[PDB]
Amino acid sequence: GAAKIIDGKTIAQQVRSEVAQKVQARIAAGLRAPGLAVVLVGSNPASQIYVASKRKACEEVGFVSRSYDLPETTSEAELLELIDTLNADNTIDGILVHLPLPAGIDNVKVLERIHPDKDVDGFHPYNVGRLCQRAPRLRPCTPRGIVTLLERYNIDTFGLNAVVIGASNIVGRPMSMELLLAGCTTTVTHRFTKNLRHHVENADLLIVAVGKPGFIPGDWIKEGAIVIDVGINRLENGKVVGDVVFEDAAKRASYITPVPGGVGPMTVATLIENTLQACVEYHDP
Amino acid sequence: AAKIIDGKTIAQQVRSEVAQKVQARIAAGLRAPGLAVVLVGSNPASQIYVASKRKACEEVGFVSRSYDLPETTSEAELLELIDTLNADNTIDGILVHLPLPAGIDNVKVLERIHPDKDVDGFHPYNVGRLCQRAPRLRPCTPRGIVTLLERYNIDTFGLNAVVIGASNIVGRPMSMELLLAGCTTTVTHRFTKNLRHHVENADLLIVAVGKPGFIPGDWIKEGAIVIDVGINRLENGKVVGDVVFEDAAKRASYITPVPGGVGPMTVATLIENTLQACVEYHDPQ
C-alpha cells in the first residue's frame, strides 16, 4: 500500500495566508491588527522558546504581539491583577499564560481568570463546555487543527468509527468532542483500556496522542484508515518522530500525517486562526 | 437472570443521606441549604416543575424560595434577579425553568447563574470542568448513573462502555463521567454504522435515545451492565425503556428496570448537588 500524505505543513501555510489576507484587509479599512499577549513568570530556556515561537507566529501574519516577563517572586494577587488589565484592554484579542507557574500560585485560578473570549488556546472550562454542548466558541487548538486537516482533504466524517488513543485534557478529551460534533462514532482509549488493538483495528479514523515514539505499530491499523499522529517525540540524535511507526502504517492507511510536518504546524496555525476569530467575532466586529 | 439495579431504593438512600447531613448541620447551629427556583409565566408544565423541587426540598429539610414572574418581565429584570440570587449567601442553588418568553435570551440568562450555584450542572463552566477531570457541580442524570454503579460495587476501570445517544442532557456528559470513572468510552448516536457490533462488545451499556424497544435484548453482551435511561409511555399506559427488558435480562449481569431505575436518581442527585454546593463552596467549616 501507499497511503496519501496529510500535508499539514502545506495546509498550515494556506491557513496562515488566509489569516494574513484578512489582517491586510482590516488594515486597509482603518481597523487595528489583532493582538496577542503572552505572560511568563520567571524564565528559563524553554519558556523563552515558547515566547519566541508565539512572536514569530504573530509576525508571519501581521498580528501585534506583546510579552510580559514577570519576576519569579510575583504574587498570585499581582498576576490576577495583570490578567484583569489584559481582559479590559481592547487592543488585546488573545491571552496566553505560560505554564509552569511558580510553586505557591494557584495555576487554575489564574488561567480561569482569563476571559473566555480571549482564551485563544481554548482550555478555559467555559470554552471546553461550550464545545461539548455543541455551541463552540474558541476551541482547543490541536483538535480544531485536526478537524481543519480533515475538511481540507474533503474527508467525510459523518458515521466514521473514530478512535482516539490517549485521554489528555490538551488533546484526547476535546478531540472526542470535536469528532462527535463532526458526526463520528467516537471511542477514547487510555491507560486503563483493556486491549488497545481491538479498538484500533476497527477504526476508520485514528487519532494518536500518547507521546511515545513508535508506540502504535502498522499492523494494528485498519486497512484504509485515516491516521492522525499528534506525537512530536524528540530522540537522542535530535530527530523528531511520531507516536505511529510511519513506514508500517503507511502500508495500510489510506491517509497519514507525517511527523514532523503534519499536526504540528496546524496547532500553531489554529492558535493564529483563533486569535483572528476573537478579534473579528468577539471584540472588534 | 440479571440482578436488578434498584434505582428507587438507591435514590431513597441518597436523599436520606442528604437529609441526615442537614439534620447534623441544624444540630451544629448551621443554616439549611437553600434552593431558589425562577419561573416566568405559568403553565401546567412550569407549575409541576416548581412543585416538584419544593417537594424535594421539604423532604430533606432545605429552604426553598420560588419566584413566579409575570410574562411582562424583561430580560434585564430577570438578569438582575439572577445577580441578586448569585449574591445571596443563603442560596446555594439556582434553577431557571425553561421555556422563557420568546424575547428573552435563554443562554444569557442561564450562563449568568454562578457555576457554584448551578445545581443542574449544565452551565458550560461546569460541563467543561467535568471534561477536564476536575468536576464541580455535575449534570444530574449522568452523575446519578455513576452513583448507581458505585452503590452496586461495580468496578468501572477498564470496562468497555458504550453510550447510545449523544444528547446534551445525557449522552455527552455521560461520556465524560465514564472517562472520569476509567472506562473505555464509545459514544454512538444516530449516524453510527452497525450499532449491534458496538452493543455486542459493551461491558457497560447506557441507552438514552427515548425510543421504546430501540435495542433488542438479544444484542446485549453476556454479563453486561445495562443502564436504560428511556422512560417511554406507550398507548396502553405502560412505561417502558429503550432496551427490550425481558430479553436483555436473560443476558445481562445487572439491569435497571423501567420505571424505578435511572429516573429517581435524577432528582436525588439535584438535592445532593445542592448540599454539595452549600457544604463545599458556600458554607464550609
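Residues numbered from 1 in each chain as written, not as in the entry; some residues may be left out. Chains lettered and ligands numbered in written order. Heavy atoms only, no water. Residues with missing side-chain atoms left out of burial classes, pairs and counts.

For this coordinate set, the PDB header names X-ray crystallography as the determination method and states a resolution of 1.900 Å.

Novice: Help me out: how do you make sense of the pattern of salt bridges in this one?
Specialist: Two side chains that carry opposite charge are able to pair once their charged atoms sit near each other. Under the criterion given, the structure shown has 27 salt bridges over all chains. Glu112 of chain A serves as the salt-bridge partner of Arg129 of chain B, at 2.8 Å between the closest nitrogen and oxygen. One end of the pair, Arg129 of chain B, is in helix α5 (residues 124–131); the other, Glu112 of chain A, is in helix α4 (residues 107–113), on a second chain. Here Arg25 of chain B makes a salt bridge to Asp283 of chain B, at a shortest N to O gap of 2.7 Å. In this pair, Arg25 of chain B sits in helix α1 (residues 7–27) while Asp283 of chain B sits in the segment after α10 (263–282), placing the two residues 258 residues apart along the sequence. For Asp283 of chain B, a relative accessible area of 22% gives the class partly exposed. (Salt bridge = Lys/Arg side-chain N within 4 Å of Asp/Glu carboxyl O. Helix = DSSP H or I, 4+ residues; strand = E, 2+ residues; numbered from the N terminus. Buried < 20%, exposed > 50% of the residue type's maximum accessible area, 1.4 Å probe, protein only.)

Novice: I tried to follow the pairing of strand β8 (residues 225–228) of chain B on my own but got confused; where do I start?
Specialist: Successive side chains on a regular strand alternate, one facing one side of the sheet and the next facing the other. Residue and element names in this part refer to chain B. The alternating pattern of β8 places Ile225 and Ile227 on one face and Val226 and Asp228 on the opposite face, and all of these are buried. Relative to β8, strand β7 (residues 204–207) runs parallel, the two being bridged by four bridges. Bridging across to β8, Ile206 finds its partner in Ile227. Bridge count for β8 against strand β11 (residues 254–255) is two bridges, and the pairing is parallel. In the strand pairing of β11, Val226 is matched with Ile255. (Pairing = 2+ DSSP bridges.)

Novice: I'm lost on the interface of chain B and chain A in this one. Help?
Specialist: How big an interface is tends to be stated in terms of the accessible area lost upon association of its parts. Each side of the interface is counted separately: chain B has 39 residues, and chain A has 36 residues. For the pairing of chain B and chain A, the buried interface totals around 3100 Å² over both sides, and the portion due to carbon and sulfur atoms is 53%. For the interface between chain B and chain A, the tally reads three salt bridges. Applying the counting rule to chain B against chain A returns 20 residue pairs in polar contact. (Contact = heavy atoms within 4.5 Å. Buried area = accessible area lost by both parts, 1.4 Å probe. Polar contact = N/O pair within 3.5 Å; in protein donor to acceptor, adjacent residues only side chain to side chain.)

Novice: What am I meant to see in unusual backbone geometry here?
Specialist: Leaving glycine aside, a negative phi is the common case for residues, and trans is the common case for peptide bonds. Cis rather than trans, the peptide bond between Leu99 of chain A and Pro100 of chain A has omega equal to 20°. Assignment of secondary structure puts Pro100 of chain A in the loop between β4 (94–97) and α4. A cis amide bond links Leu98 of chain B to the next residue, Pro99 of chain B, at an omega of 5°. One can find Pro99 of chain B in the loop between β4 (93–96) and α4 (106–112). The backbone of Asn154 of chain A shows a phi angle near 60°, a positive value even though the residue is not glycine. Looking at the element boundaries, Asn154 of chain A is found in the loop between α6 (141–152) and β5 (161–165). Of note, the phi angle at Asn153 of chain B is positive, near 60°, even though the residue is not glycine. Turning to its location among the elements, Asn153 of chain B is positioned in the loop between α6 (140–151) and β5 (160–164).

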